[PDB]
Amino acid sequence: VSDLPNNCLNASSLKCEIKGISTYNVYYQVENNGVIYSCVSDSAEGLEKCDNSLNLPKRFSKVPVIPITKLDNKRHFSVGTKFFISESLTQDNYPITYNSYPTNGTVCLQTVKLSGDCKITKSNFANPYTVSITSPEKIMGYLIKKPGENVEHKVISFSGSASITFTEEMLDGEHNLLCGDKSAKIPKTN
């Protein structure tokens, strides 16, 4: 029971400090016996007493996201930010634990986009403004977004299948339905 990564787990038992809050995970370090451990988690549990825990959300959405690498489709696909492990630019890779995985590296904060398999179809059952989204993965996210908006905390998580009926404000020619790695233009009403 080698418990190196465990130090990040009991943080209800240690002096803790949040260093950063992203849309989908938290960046914090904890002290034990004078040694500092860096941690990244997608779970907000037990971090209430940490310093800088003021804006710690109720829970984190667990939808699959990946970094946006082409900067010009940032406005289109952005759904917030997340913390990632990366390599040090000065080779000072320090020990750090990511979602209870021990590793070496540093912390990167990056704007992210939805990802994963999501099937989009137009439904027979209601109307051309009702769509069905399905996914073989445990959790899949979708977001309806006009480019440039800040609707980052409106990612909806679903398991297996869901149905959406577009509102009228969405039925201009500028709203896109983002689901997993997919983007589909939402039609104009008339």
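A residue's number is simply how far along the shown sequence it sits, counting from 1.
- Of the two segments, 30-38 and 153-161, the one listed with the higher mean B-factor is 30-38 (C-alpha atoms only).
- Looking at 102-110 and 78-86 together, the entry lists the larger mean B-factor for 102-110, computed on C-alpha atoms.
- Annotation for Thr167, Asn10, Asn176, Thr23: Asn10 ranks highest, by Cα B-factor.
- As recorded in the entry, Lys58 carries the highest CA temperature factor of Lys70, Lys138, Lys58, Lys62.
- Among all modelled residues in this chain, the alpha-carbon of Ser132 has a temperature factor (C-alpha) in the lowest third.
- Ranked by C-alpha B-factor against the other modelled residues of its chain, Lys19 falls in the middle third.
- Split the chain's modelled residues into thirds by C-alpha temperature factor. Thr121 is in the lowest one.
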